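1. Quick one: experimental structure and sequence below.
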Amino acid sequence: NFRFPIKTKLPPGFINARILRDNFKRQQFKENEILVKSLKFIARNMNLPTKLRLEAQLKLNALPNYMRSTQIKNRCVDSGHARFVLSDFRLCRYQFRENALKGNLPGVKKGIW
Amino acid sequence: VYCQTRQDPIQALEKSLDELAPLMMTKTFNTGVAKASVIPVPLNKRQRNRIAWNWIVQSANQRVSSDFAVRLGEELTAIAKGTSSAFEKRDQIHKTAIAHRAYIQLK
Amino acid sequence: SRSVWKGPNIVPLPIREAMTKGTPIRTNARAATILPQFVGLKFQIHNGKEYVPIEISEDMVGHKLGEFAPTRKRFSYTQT
Amino acid sequence: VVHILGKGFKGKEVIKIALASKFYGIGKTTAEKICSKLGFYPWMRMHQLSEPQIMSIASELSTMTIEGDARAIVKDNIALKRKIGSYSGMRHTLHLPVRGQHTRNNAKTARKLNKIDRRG
RNA sequence: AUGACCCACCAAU
RNA sequence: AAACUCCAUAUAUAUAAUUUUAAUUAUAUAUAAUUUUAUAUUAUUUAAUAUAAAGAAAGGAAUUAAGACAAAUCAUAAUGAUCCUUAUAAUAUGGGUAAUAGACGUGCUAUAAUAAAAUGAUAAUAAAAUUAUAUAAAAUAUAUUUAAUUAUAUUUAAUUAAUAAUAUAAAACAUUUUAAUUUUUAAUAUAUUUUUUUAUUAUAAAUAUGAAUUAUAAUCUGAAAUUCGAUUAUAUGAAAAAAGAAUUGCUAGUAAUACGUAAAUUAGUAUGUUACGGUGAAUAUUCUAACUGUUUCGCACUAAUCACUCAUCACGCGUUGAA
């Protein structure tokens, strides 16, 4: 059926296979984050019995990779680059310079000070 | 320094510097290398004392105290009495200038 | 998950059925404290390309499946 | 200062750490209160030790585990996993980063000491 | 583009 | 090029009800200097060197032209041409990028007294920066007996920022120590050095430096530290005696600093990157050498001296001589 296990809309603007993978994880984890938090609280509350806790720790290990944010890497929304990615503009060491110098980024120019 | 010999320490130090710092020297300019000539070089005030102070710190690393701050004073007191091997140092230098006086760039 | 609490690592495993015949269960996961509960069987461990067959020992306890399954091969020599 | 526990020490040498030095089974905190139980005024040197006192000193070290006696315990802990399938055992036996450090370059240290009976 | 090569340093009027 | 520009500096105006309090500030603006005035030597109609006198007067940054190196990038992106579409395209799990004989470059930490470590609660003293993909204060428990410090855990106060948090800046300063060092002590007495003196007996090259390193336990983050992270406690304590030929940065708030500080990238780790401030220098222009612009002379070179060019020898192959 859909390439990704669960059908997902496509990220507006620049689209990349690595971006699609990251975007897929973002969409899935966003919804699963609540469950991720629920079950982890379960496993970590000593105030409980070991078994209920274990059952949970285990399910987590079983939860699919997309159910994680550690797996989501900051990637330039415009150039699909995951290296030197400033998060203030969600860009990169180049698209920034480019956008900032060109003036695409308002109030962002050169540190002449 | 003052204590071991009760007279103005700064003045005594200045005198010691004046005594020790040679008034001139001899740099070794290249001039198409070959046989580089040795011509006496005049040494500025801060230039003169700089050499004198070294001959002293170098002589303060031969003392005993585990505090250079004051191994300096004793050397300084020693110099006052007239005991800093440096004097000879000066003498040789000057001598190496007496000769090599001829090479003087201009009168 | 290395701590007195949160001890230790539960990696879902066919140990149950394995505990019957003992079939070396291809536990490709290779990332779990050797379970101190069943502590005893035989299985192969994916060393990147091949799963090395090993069983359980009187040393293999906290030691994680991977610690027994070497990946990179040994170094060699210069040019001659 | 004398033949205390065989390999003794020297005078002027405050005992507290002196023990941490010569002795291998004891060091730092262990040596510190080791004097505390024997109650010797701190900052006290070896020369001042009243021989009879050393006697207590000796017994004290016998009580806990000192000398290469423990060298072996680790030697065995090493041989342990080593004897099992243990990356370490390879790293340790081959003389290579047992702490997974810079095998590629800075590894001479490992090669120098890391070995079956490491602590040599 | 044709296009695998480069070789010598000695001291003054 | 310079100049305008930005930071920064002097003053001046406006704003802040002086509880966002730092009014010693923060900005918005305006002026200011690429300093000027005067005399005296020199020179030749008026420049330089000294002197004074008026002002606060002083820096950094950004901007690096044309061209060339067919310099770097087809992995920021994008695109031509060419090559694959059941695989050179997409996904999951594990592995790898962390492998190590040797070699190089760059750092860090080092080798102890013109230097290192505890300690300093009327908290000596800062700027810059962060905090709705959060910082996380007081305490509270443990490591540990007091307490402090240090590291984790419990609960989240306040603050989404001139408000509260990271965060009491640290170095300097003071006192205490400190191997070798027999320069020590510790038992005596000795006494107008008392934290000290002196007489006597004793006190047999890696240390209390160095933390590479090795075990065990413990803690963070996250499903998950095993190849492979971080932290601490108890242990371990190699190498290292200022480092050959050789070579690197820096000319003033710069270098140096065992001076700390912050941010970005982090679920998580900086010996790196980018910024901030504290303390704060010597040395100098006179030689060669190298790179550049201005010029001389020469020039057989011109993808230009990393040019170009010459003869022998050695290889293979023509023609034409002697005999």
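-> Great, that's in hand. Numbering: from 1, shown residues only, chains lettered A, B, ... in the order given.

2. roughly how far apart are the residue of chain C positioned farthest from its centre and chain A?
-> What lies farthest from the middle of chain C is residue C:80; by CA atoms, centre = their mean that is 37.5 Å. Per CB to the nearest CB, to the nearest Å, residue C:80 is found 40 Å from chain A. Placement of C-beta: from N, CA and C, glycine included.

3. How about the secondary structure of that residue?
-> Put simply, residue C:80 is coil when judged by DSSP: H, G, I helix; E, B strand; the rest coil.

4. how about the helices in chain C?
-> Applying DSSP state H to chain C gives helices spanning C:15-21, C:65-68.

5. Ignore what I typed, I meant chain D.
-> Under DSSP H, chain D gives helices at D:15-22, D:29-38, D:52-63, D:68-83, D:87-94, D:108-113.

6. Using TSV, please lay out those together with mean neighbour count and distance to RNA strand E.
-> Listed next are these as TSV, based on neighbours: other CB atoms under 10 Å in any protein chain shown; distance: least, CB to the nearest atom of the strand, whole Å:
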stretch	mean neighbour count	distance to RNA strand E
helix D:15-22	18	56
helix D:29-38	15	64
helix D:52-63	13	69
helix D:68-83	15	50
helix D:87-94	18	40
helix D:108-113	12	36
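
7. As CSV, those with distance to chain A would be great.
-> Below are these laid out as CSV (distance: least, CB to the nearest CB, whole Å):
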stretch, distance to chain A
helix D:15-22, 39
helix D:29-38, 31
helix D:52-63, 37
helix D:68-83, 25
helix D:87-94, 23
helix D:108-113, 32
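
8. and these as JSON lines, adding distance to residue B:79?
-> JSON lines is the format used below for the helices of chain D (distance: least, CB to CB, whole Å):
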{"stretch": "helix D:15-22", "distance to residue B:79": "43"}
{"stretch": "helix D:29-38", "distance to residue B:79": "49"}
{"stretch": "helix D:52-63", "distance to residue B:79": "52"}
{"stretch": "helix D:68-83", "distance to residue B:79": "57"}
{"stretch": "helix D:87-94", "distance to residue B:79": "62"}
{"stretch": "helix D:108-113", "distance to residue B:79": "50"}
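
9. right, so of the ones you listed, which gets closest to residue A:18?
-> Comparison of the helices of chain D against residue A:18 by CB to CB identifies helix D:87-94 as nearest, at 32.1 Å.

10. got the contact list for the closest one?
-> Applying CB atoms under 8 Å, 6 or more residues apart in numbering or on different chains, the external contacts of helix D:87-94 come out as C:67, C:70, C:74, D:78-79, D:81-83, D:96-98, D:100, D:110, D:114-116, D:118.

11. same thing but at 6 Å, please
-> Outside helix D:87-94, the residues that touch it by CB atoms under 6 Å, 6 or more residues apart in numbering or on different chains are C:67, D:78, D:81-82, D:97-98, D:114.
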